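Only one structure is covered here, and it is reproduced in the block below.
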Amino acid sequence: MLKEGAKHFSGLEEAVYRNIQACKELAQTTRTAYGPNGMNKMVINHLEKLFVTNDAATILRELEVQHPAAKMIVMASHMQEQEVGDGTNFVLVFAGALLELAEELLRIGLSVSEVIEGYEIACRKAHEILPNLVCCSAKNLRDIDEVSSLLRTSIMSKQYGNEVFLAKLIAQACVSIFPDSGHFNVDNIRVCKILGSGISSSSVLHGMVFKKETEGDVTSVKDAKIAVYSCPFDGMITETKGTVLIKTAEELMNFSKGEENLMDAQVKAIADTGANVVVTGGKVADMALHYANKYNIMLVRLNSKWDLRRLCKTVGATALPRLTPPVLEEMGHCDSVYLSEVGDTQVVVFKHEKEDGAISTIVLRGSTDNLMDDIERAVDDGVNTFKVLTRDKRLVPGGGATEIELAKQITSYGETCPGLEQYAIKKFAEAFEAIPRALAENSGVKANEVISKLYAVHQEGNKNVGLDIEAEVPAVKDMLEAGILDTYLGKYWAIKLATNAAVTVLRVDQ
Amino acid sequence: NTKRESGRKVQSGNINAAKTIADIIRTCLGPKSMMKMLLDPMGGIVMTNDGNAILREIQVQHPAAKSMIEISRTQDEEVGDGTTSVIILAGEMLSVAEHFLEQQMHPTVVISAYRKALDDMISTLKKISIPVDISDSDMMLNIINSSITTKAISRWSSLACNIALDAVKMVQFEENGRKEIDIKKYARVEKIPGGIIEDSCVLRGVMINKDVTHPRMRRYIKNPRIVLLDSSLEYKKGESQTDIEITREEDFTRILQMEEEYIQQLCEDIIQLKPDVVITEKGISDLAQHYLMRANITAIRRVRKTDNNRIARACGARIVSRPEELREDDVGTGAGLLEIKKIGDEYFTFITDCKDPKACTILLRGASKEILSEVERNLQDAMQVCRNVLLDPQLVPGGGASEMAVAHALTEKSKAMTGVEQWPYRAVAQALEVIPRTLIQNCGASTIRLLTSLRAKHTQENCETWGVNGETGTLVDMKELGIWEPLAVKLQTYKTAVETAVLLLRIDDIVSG
Amino acid sequence: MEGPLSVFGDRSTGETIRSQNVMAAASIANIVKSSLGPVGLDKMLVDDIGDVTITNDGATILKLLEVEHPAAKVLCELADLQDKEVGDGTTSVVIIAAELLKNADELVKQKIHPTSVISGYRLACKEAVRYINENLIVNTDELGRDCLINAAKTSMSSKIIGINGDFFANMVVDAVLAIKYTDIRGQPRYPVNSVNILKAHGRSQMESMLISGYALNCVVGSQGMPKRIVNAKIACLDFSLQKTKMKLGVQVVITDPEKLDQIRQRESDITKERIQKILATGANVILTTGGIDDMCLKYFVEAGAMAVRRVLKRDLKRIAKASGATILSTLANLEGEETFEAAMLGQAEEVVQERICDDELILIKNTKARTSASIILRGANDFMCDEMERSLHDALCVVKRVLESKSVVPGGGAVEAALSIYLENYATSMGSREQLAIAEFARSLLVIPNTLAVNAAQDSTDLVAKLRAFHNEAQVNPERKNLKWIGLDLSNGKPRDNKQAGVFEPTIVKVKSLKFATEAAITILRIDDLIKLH
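Residue numbers (PDB author numbering), protein chains in the order written: chain H, 14 to 523; chain K, 13 to 525; chain I, 1 to 534.
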């Protein structure tokens, strides 16, 4: 500070200005990233690996910032995308415009604790009409059209075009078989994409898809107990050293000769352990194969952890490197163990399915994985909004159409309550139009055009916009009545989480 | 030539010069004031609550710094006051409106919000303006003494108003009391250098300082004969041209004395008859006028025919070409008081012309000739509010609560208007409320919570009538508090205010030629 | 002025000066764009330092800017010349010229004969020019429901200052009917402002009052001398009766002021003598231009005499022209003993003095030599009469201008917004150079309406969405009607619903300005070889 000491990241500009920078600075791309969008935002890794996300996190978790608040608020966006799903971009984009209001209240010079409460009581006042803005609920998981609609706004507010087809797919993923009564498998149903075919050819499979190549004669039974091992056959090459390296140079050679008898007795023990599918993260080899052909066990030639862990998870298995003949602590959890060729590619298909504990593994297909990876992002939007764990989700109009419902009132309620308080309440309800503006300016029309119409249409829950021509001029799309809705829960956490950080980050002078 | 000028840069400098000029002047405004002290490039300091006095005496610049004094002077002449309002009002509206609205990117809807805000402003004013008696100088006093205390001076609040109160009522027009239009040649003020406020009083009529300038002239002869030129003293004063010689150097001295020797005969035919008054609009030369002063014929000159015509009938007269030629007879005396006061060696002829258009040049004095001026500067604004109470008996209370009274009334029309125009019409609204806020932030504490209490007060209690106190900041009644913002003076500042900002809107571009 | 620093005088050869000129045309034409149209913002422009002017008119701006560049020079003087044609299209002809001089010059380089590219900007002009007169499609004042009457009401309703325009629907058609002057060269053109139009407020602002014959507004209240005797005749007088100095035989040569007092004395009587010489001539109403001093007037008024002094001359002349009176007949001077004859007497059914709305005029009823009419406005205040007056002016000229040349265009660049793809297809089938130039000409049309709407903040993408989405190749037809709205109303920026509106231009300046728009382009072509005087 004034002194040799005091290493400080915030205060003065930093507090006043520079926090609001990374607030609005990061809130930039989420303006494009929530609500109906195609927006191409090209993200590559430290691998510099091409990708585009319409969800903030892959932009967010990609990024690097010395601003802890901006580094924090994502955890609320996390807490969104953790508890919830699409609407994660909404988290950041809301607060940033709301936060500028406080700094302009600091351009007014308004006291922190005084601006603090104005967002909060108004939030619970927004949370007051938020259930009042519950219009419908999500009636039946068993109803595809309920879940498609559930998936629609989900995929839409990331990707508007692919919306309903996917929304019909993952609704007909029949994840409804998970009652959402307090059980739904999120990972056990996880997508396994197929590079190749179409993304319209992208479908849902039930039972665990494993795109990795079947080896050995396919499983002797189905319900075949599942030996999931990190390297049961990597070859007989040594697993045995603490650093997994050479001790003396003579050990690697013996692994060629007794390989047969090992890869006999080993997968013989796989036949002996009861596993008719042994999953080898290490390499498939002929002797294993040849003997797993004699023993008719399906080898799973090579494994991602995502393969292994899921098999470690879903099967209850433990993936372990093996040379000696192994045993099953693993067995199966799976009552049908398949090699199927899906996407035309050989696909290991494990299946056990229950109202609670099913695996319905969506098989995406498509010419590019840089398609399906962002598609999965757009798809996981609804996979999330599936899990609310109120089957009837108390849908409020999605797409921010029920904003102006709150927006008009809380800000009219704004002047109702008094003082430096009332401004932050008024400011609170002024941050609604941001997302529609952000969206309508993704379709390229200002709020005031759009929003004065949303002000003109008054109490609807219906009107909002942001990718369409009806987005442009009319300020009328149905983000309610057209099949776009959103659960109270997400919309709660949409308001709730966007409420929390914005206030809490306001304190820091360091 | 290849030149073009782009967009915001002028508009910024407009908004820049707009608000900056507004800053100190709006803090110089109000019961709690400030001072704008210039420091001349020479080292002389100039401290005035009026930046119009400061800016004209310092650098005046091509942007609205050029356009602020014009509309200030436009606000200077008409009513006589609001001088500090327009630049703090125009600097007020343009900033808050444009940028946000030019961030919404449009000139046009911004232009309309002015005329939008104009009527609601007219509306809630004319509504919540309070009619005050035209014929009661006391009911005039509380409204008229409020407009004196406005700028730098409460000193002449009682005195200037008192001198202003009855005079303006006692004025008339060509179209008729005074009332109606703004004519300030019926508001006239001529100084009495030195003197005292006790020697001063209300002169409801006109004085001619040049009527009697000497004890020799007609004095206190109360049936006047005022004479317009044409025979006794003719239109032509030209040379006699007797025995002129172009070949003589002595004739050069002769031709200049010969001008007045014919004028000598002109004022001599005044002597041959002696109509007790003589007026000449081209003025009389001295050598002839000495003879006028021998005949006790008051010599009126360097004050206009229209002036004298308005004074003659109002003091009474029969005009003739020459008294031996009577065109027709008029009334002998039109006034009740013919008074010549002497302060210094100068004689000041005060002819009270009662219920007369006249020139209404009103007797006023300070202790010295300088504070004598602050009688007039207040008298003007006093006579302004005198003519205003005559013009508009209805005039608002406010501490600037009118500037809220409109803004929320704007807002509640703005809420009713909606459209995109809602935002400009509201972006014009919140501008108005910084003016009284600066008055009551000069007071202190939270002037927002005040405006909260204000806009609470607005529809709750009242808008402008039950107001905010410029010396306090609490919610009060400016009528009860006796503070008054004159309706005309209010609206007039705004008519002048709205336009310059529209010009600054219109101008993204200038030239050097 | 970019290019080399060694040589100068518009000498780069090169395209440097040429690009400079398309830049030199730009900035000059750029100034007009924000001034383009009435919605063009008034531009405060500093002529020296304190010398400053606020102008949204291109031509007036073009007057201010001293042109070192010929590009600047060929754009200014020509829009200054189109301003001296009419002045409709000043801001128009400027803008398109910025593109077309790059369109005019460029392809002449590419040859296909040197002369070809130029007529392409002339032919597409004539194409449009032929299309111009073809347009009643929007703004029909060549015909209409009331035609010119509702065209007034509509051109009122366009500029309308109130719920009025109804009484002002008729006033404008009176303006062509009240003026019978039938302008020279066989034109039945009637100047709209040549009518006696005497602005007098009072009562309902909505009201206005036509007068049988031309009306003469005379001063009221400063004449106690009777202006009122119901008569068949006025004495139209350019003439004066003064008590003070009618003539001087006594000068400052005379040392005594008394000797003029005596000639000052006689002149007061001959005024009484003069006014009863006209009464002896038989006119119990006279229209006098003269007057006296206020002191004299105060005495002379209360003395009494028959005169109407200081009559408006433009009315006096027209009425004397209308009634048959002369402003001068037997009077060679101002003397009050001069005899008066009947040649200065007006011939009409009656001279009757009607004071209504606190307003009295000398009303010459049915002036016999020629039909005459004068519309007395009624405002709530004086500005209201001016308020309603300018809204008439839309209605006024447009009634007059369609009489100048028949039909019109739909105003604004919407009329050309259809012509663009018309003339780019009229380019397209031509091919070769003739697809190039002819399309270059039609594409350059389209900046006007946007920048028109831009000045009104209805802008560009909005208007091109508005314009040639309406405009079609499916309907290319001017028709008489709208299967496309090709009109653009500007106080607005957007095409509107008023198809009699006087805020759409007539057919006149259009055929002109396009040639001038083609002109400023082809104008700069002309230099042969190149040199530097050094």
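Built from N, CA and C at the ideal position, the CB exists for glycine as well.
| Asked | Found |
| --- | --- |
| DSSP three-state call for residue 148/H: helix, strand or coil? | coil |
| Report the three-state DSSP secondary structure of residue 81/H (helix, strand or coil). | helix |
| Tell me whether the beta-carbon of residue 470/K lies closer than 8 Å to the beta-carbon of residue 359/K. | no |
| Kindly list the residues whose CB is nearer than 8 Å to the CB of residue 328/H, restricted to its own chain and excluding five residues on each side of it in sequence; keep chain order. | 239, 241, 343, 344, 345, 346, 347 and 363 |
| Under three-state DSSP, which class holds residue 238/H? | strand |
| Counting only beta-carbon atoms, is residue 514/H nearer than 8 Å to chain K? | no |
| Would DSSP call residue 494/I helix, strand or coil? | strand |
| Can you check DSSP and say which residues form a bridge with residue 334/K? | 337/K |
| Whose Cβ in chain I lies nearer than 7 Å to the Cβ of residue 13/K? | 65, 66, 67, 68, 69 and 72 |
| How far does the alpha helix (DSSP H) with residue 508/K in it extend, from its first residue to its last? | 499 to 518 |
| Identify whether residue 313/K lies in helix, strand or coil by the three-state DSSP scheme. | strand |
| Which two residues bound the contiguous alpha helix (DSSP H) that contains residue 381/I? | First-last for residue 381/I: undefined, no H or E at that position. |
| Looking at the unbroken beta strand (DSSP E) that takes in residue 236/I, where does it start and where does it end? | 235 to 237 |
| If you draw a straight line from the alpha carbon of residue 186/I to that of residue 403/I, how long is it in whole angstroms? | 12 Å |
| Using DSSP bridges, identify the partner residues of residue 435/H. | Beta-bridge pairing links residue 435/H to no other residue. |
| Let me know the secondary structure DSSP gives residue 506/I once reduced to three states. | strand |
| Counting only beta-carbon atoms, is residue 242/I nearer than 8 Å to chain K? | no |
| So with CB distances below 8 Å, who are the chain K contacts of residue 433/H? | 458, 460, 461 and 464 |
| Taking 6 Å as the limit between beta carbons, can you name the residues of its chain near residue 156/I, skipping five residues before and five after? | 165, 168, 391 and 395 |
| Looking at chain H, is there any beta carbon in it that lies within less than 8 Å of the beta carbon of residue 485/K? | no |
| Ordered along the chain, which non-local residues of its own chain (more than five positions away) have a Cβ less than 7 Å from that of residue 184/K? | 190, 367, 368 and 369 |
| Starting from residue 49/K, follow the beta strand (DSSP E) in both directions and report where the run begins and ends. | 48 to 51 |
| Helix, strand or coil for residue 126/K? Go by DSSP, reduced to three states. | helix |
| What whole-angstrom Cβ distance do residue 65/I and residue 22/K have, given they're in contact under 8 Å? | That belief does not hold up - the Cβ atoms of residue 65/I and residue 22/K are roughly 17 Å apart, past 8 Å. |
| Apart from the five residues just before and just after residue 230/K, which ones in its own chain have a Cβ nearer than 6 Å to its Cβ? | 288, 308, 309 and 310 |
| Skipping 5 residues on each side, what residues in its chain have a beta carbon closer than 8 Å to that of residue 41/I? | 34, 35, 56 and 455 |
| With DSSP as the reference, identify every bridge partner of residue 205/H, one or two as the case may be. | 376/H |
| Among 422/I, 490/I and 434/I, which residue has its Cα nearest to the Cα of residue 127/I? | 422/I |
| Could you tell me the alpha carbon to alpha carbon distance between residue 12/K and residue 468/K, rounded to whole angstroms? | Since the first residue shown for chain K is 13 and the last is 525, residue 12/K is missing from the structure and cannot be characterised. |
| If we define contact as Cβ-Cβ less than 8 Å, is residue 419/K a contact residue for chain H? | no |
| For the region 262 to 287 of chain K, enumerate the residues whose C-beta is nearer than 7 Å to any C-beta of chain I, in chain order. | 274, 277, 278 and 281 |
| What three-state label does DSSP hand residue 350/I in the structure shown? | strand |
| I'd like to know whether the C-beta of residue 42/K is nearer than 8 Å to at least one C-beta of chain H. | no |
| Measure the alpha-carbon distance for residue 388/H versus residue 425/H and round it to whole angstroms. | 41 Å |
| Just tell me which of 217/H, 15/H and 301/H has its CA closest to the CA of residue 278/H. | 301/H |
| Using a Cβ-Cβ cutoff of less than 6 Å, which residues in the same chain neighbour residue 411/H once the five nearest sequence positions on both sides are dropped? | 166, 492, 497, 498 and 499 |
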